[PDB]
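For reference, the chains in residue letters:
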Amino acid sequence: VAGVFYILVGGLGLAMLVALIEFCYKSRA
Amino acid sequence: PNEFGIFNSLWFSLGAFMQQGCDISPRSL
């Protein structure tokens, strides 16, 4: 079980970029 | 855009690891 740690940390970093997109979109518009 | 401070976010993840249900749930993508 090592790919489950890779999907996890890849899943965490993908989720920060959503909030980075979501904040940038919200504050501008 | 509250109830997910660092004290409650530890209790969500320790809730979800032990297979027991989560009292709160994230309402954001």
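Residues numbered from 1 in each chain as written, not as in the entry; some residues may be left out. Chains lettered and ligands numbered in written order. Part of a larger assembly, values for the part shown. Heavy atoms only, no water.

In the PDB header, cryo-EM is given as the technique by which the entry was determined, and 3.3 Å as its resolution.

Visitor: Describe helix α1 (residues 3-28) of chain A, and please don't skip the residues or the numbers.
Guide: For an α-helix the count is 3.6 residues per turn, leaving residues at separations of three or four pointing the same way. Taking 1.5 Å per residue as the helical rise, α1(A) with its 26 residues ought to reach 38 Å, and the 38 Å between its terminal C-alpha atoms agrees with that figure. Among the 26 residues of α1(A), zero are classified as buried, and the element is accordingly described as predominantly exposed. (Helix = DSSP H or I, 4+ residues; strand = E, 2+ residues; numbered from the N terminus. Expected span 1.5 Å × (residues − 1). Buried < 20%, exposed > 50% of the residue type's maximum accessible area, 1.4 Å probe, protein only.)

Visitor: Describe a nonpolar patch on the surface, naming the residues involved and giving the relevant values.
Guide: The grouping of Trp11(B), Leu14(B), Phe17(B) and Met18(B) at the surface amounts to a nonpolar patch, some 530 Å² of accessible area in total. Structurally, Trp11(B) can be placed in helix α1 (residues 6-17). (Patch = residues over 30% accessible without salt bridge, like charges linked within 9 Å, V, L, I, M, F, W, Y side chains within 5 Å. Areas by Shrake-Rupley, 256 points an atom, 1.4 Å probe, with all protein chains shown as cover. Salt bridge = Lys/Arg side-chain N within 4 Å of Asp/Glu carboxyl O.)

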